[PDB]
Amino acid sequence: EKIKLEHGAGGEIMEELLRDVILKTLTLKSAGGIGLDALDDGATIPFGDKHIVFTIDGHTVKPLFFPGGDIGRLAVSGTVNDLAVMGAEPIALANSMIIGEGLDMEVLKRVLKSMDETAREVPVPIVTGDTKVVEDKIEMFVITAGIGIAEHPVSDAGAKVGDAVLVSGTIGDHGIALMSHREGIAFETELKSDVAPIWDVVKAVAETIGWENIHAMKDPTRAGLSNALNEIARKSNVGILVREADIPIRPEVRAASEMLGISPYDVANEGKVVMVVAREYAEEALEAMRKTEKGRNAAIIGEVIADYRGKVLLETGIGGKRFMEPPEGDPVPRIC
């Protein structure tokens, strides 16, 4: 048996590798809180009356620079966002770079400048790192780890019947922008990735409704909104019912996805959060998001239900329903 691209594509095939190989081989997997077996956006460690949150993400996107961002902005944003969806204020990043021999020094400078600018938006410092140079023709991979502090960690398994399901903005932007750029599809301007740190959106909600009323979150990166909703449903052992008409999609992203023959629900987002909140605070949560710049297009898209446990239903027309199936993997190669 050989490793396939699908094993790193963030969908069901990767999930099989994680459960059958990684989780079964590693034995020490928790430091006292959320650990590897939870397969959440990060891990947690009790520390005093708070929790340290710990995450890591590798980035192998091609091309390194794309409309709306680059591998540097992606590296900072992805790690900040993984901490944010665990309920953690980011406190430090670590930056590993693996660089192909012969890369232009100016490329490395541009990547670092983008990391710096993106980190300053949070704000969060890059406090340690590592650099390796290899003969392989890879251009550059960037791997960032993050530490945050959470007073009240939020899992992807805490959804309750009756809760509202929100997204902080338009869906499909990153994956579709990257595929569109590769295919030469563009409108009045090129479609831009949404890549950005969204700790401010999560914090805004928590400051309004309290951490206890945010029941679950996921960062809908690899394999998209569909993967994220399916994971929350499965891990929380609940059903999720979403109204297709209420899911925000940028008009240009809708058009490009049709041309590409790919669903915007199935591709990576890099500046969005999926959030599940107590029914009675759903409108307060939505208003808090829409007050921020990065959450300006937020919407309530669904609700958690008692039946169809572990499944996600899409409602269309005047009430008809079908399953929103978990992707086998992200249909976009080298997307992040």
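Residue positions are given as counts along the sequence shown, with the first one as 1. Take the two forms, find the largest set of C-alpha atoms that superpose within 1.5 Å, and that set is the rigid core.
What stretch shows more C-alpha movement in 5 other deposited structures of this protein relative to this form, 181-189 or 81-89, after the core is superposed?
Comparing 181-189 with 81-89, the larger C-alpha deviation in 5 other deposited structures of this protein belongs to 181-189.
Which of 69-77 and 190-198 lies farther, on average, from the shown form in 5 other deposited structures of this protein once the rigid core is superposed (C-alpha RMS)?
Farther from the shown form on average in 5 other deposited structures of this protein: 190-198.
Compared with other deposited entries of this protein, is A298 missing coordinates in at least a third of those that cover its neighbours?
Counting only entries that model residues on both sides, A298 is resolved in every one of them.
Could you tell me whether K311 lacks coordinates in at least a third of the other compared entries whose models cover its neighbours on both sides?
Counting only entries that model residues on both sides, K311 is resolved in every one of them.
According to the deposited model, is the average Cα temperature factor higher in 242-250 or in 168-176?
Per the PDB record, 242-250.
As stated in the PDB record, which stretch has the larger average Cα B-factor, 292-300 or 29-37?
292-300 has the higher mean C-alpha B-factor.
Of the options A196, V161, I214, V201, which has the highest CA B factor as deposited?
Comparing C-alpha B-factors across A196, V161, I214, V201, the top value belongs to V161.
Between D130, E106, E117, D156, which one tops the list for C-alpha B-factor in the PDB entry?
Top of the list by C-alpha B-factor: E106.
Please say which third, lowest, middle or highest, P220 falls into when its CA temperature factor is compared across its chain.
For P220, the deposited C-alpha B-factor lands in the middle third.
Split the chain's modelled residues into thirds by Cα B-factor; is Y281 in the lowest, middle or highest one?
Highest third.
Split the chain's modelled residues into thirds by Cα B-factor; is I262 in the lowest, middle or highest one?
Tercile = highest for this residue's CA B-factor.
Relative to the other modelled residues of the same chain, rank the CA B-factor of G48 and answer lowest, middle or highest third.
Highest third.
Name the third of the chain's ranked CA B-factors that contains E183, choosing lowest, middle or highest.
It belongs to the highest third of the chain when residues are ordered by C-alpha B-factor.
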